[PDB]
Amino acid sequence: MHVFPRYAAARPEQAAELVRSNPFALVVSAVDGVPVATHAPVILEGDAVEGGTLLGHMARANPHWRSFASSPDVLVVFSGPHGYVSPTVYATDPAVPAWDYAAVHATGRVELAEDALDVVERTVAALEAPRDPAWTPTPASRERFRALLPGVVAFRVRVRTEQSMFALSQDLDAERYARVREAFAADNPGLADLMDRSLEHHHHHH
């Protein structure tokens, strides 16, 4: 991923916030030049993404993890809200379309986790935390977890590099920016909310 200056994060807290808010990630490995990717829930351990640890799990039946065992470098992509920006919204000429989006790419060494149960239970807690009410597993569900555990492979990623993109129309003029934000306000409110949060302190001439 190439982070254009105009779309860089202002603060590392932005990268961590996006990761926590969007835990259904893409786990990617490379084997003899061929990328293979699994969609999996991945959670963040620590205050920052770089130097932090990611925890996730996939199916034991998914052969992807058998390339982890040598501890190669993996990439985990976290994706936030996104949306196509039509030049119709700009109401200007000349114009060029854009796609607004935010993502965090975490690269590091993967290893198999010893405590798969801890990983899936910590995943439950994190994914339910923002909900009301938060589902807490019952003894019977916990018994079911332990019975399902043979089918799980859990893994850790020690993040060596974090790259973050916040392509959120910050390079438009104020009038065009307002038009884009209003257009996303209907039917993509998650992206308009991200636009608002991201503008607060923005890097700029920095």
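Residue numbers here begin at 1 and follow the sequence given.
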{"query": "Mean C-alpha temperature factor, higher of 86 to 94 and 130 to 138", "finding": "130 to 138"}
{"query": "Stretch with the greater mean C-alpha B-factor as recorded in the entry, comparing 192 to 200 against 17 to 25", "finding": "192 to 200"}
{"query": "Highest recorded Cα temperature factor - choice among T107, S71, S79, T123", "finding": "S71"}
{"query": "Position of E111 among the chain's modelled residues by C-alpha B-factor, lowest, middle or highest third", "finding": "highest"}
{"query": "Entry-reported Cα temperature factor of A48, expressed as the chain third it lands in", "finding": "highest"}
{"query": "B-factor third for the C-alpha atom of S67 within its chain", "finding": "highest"}
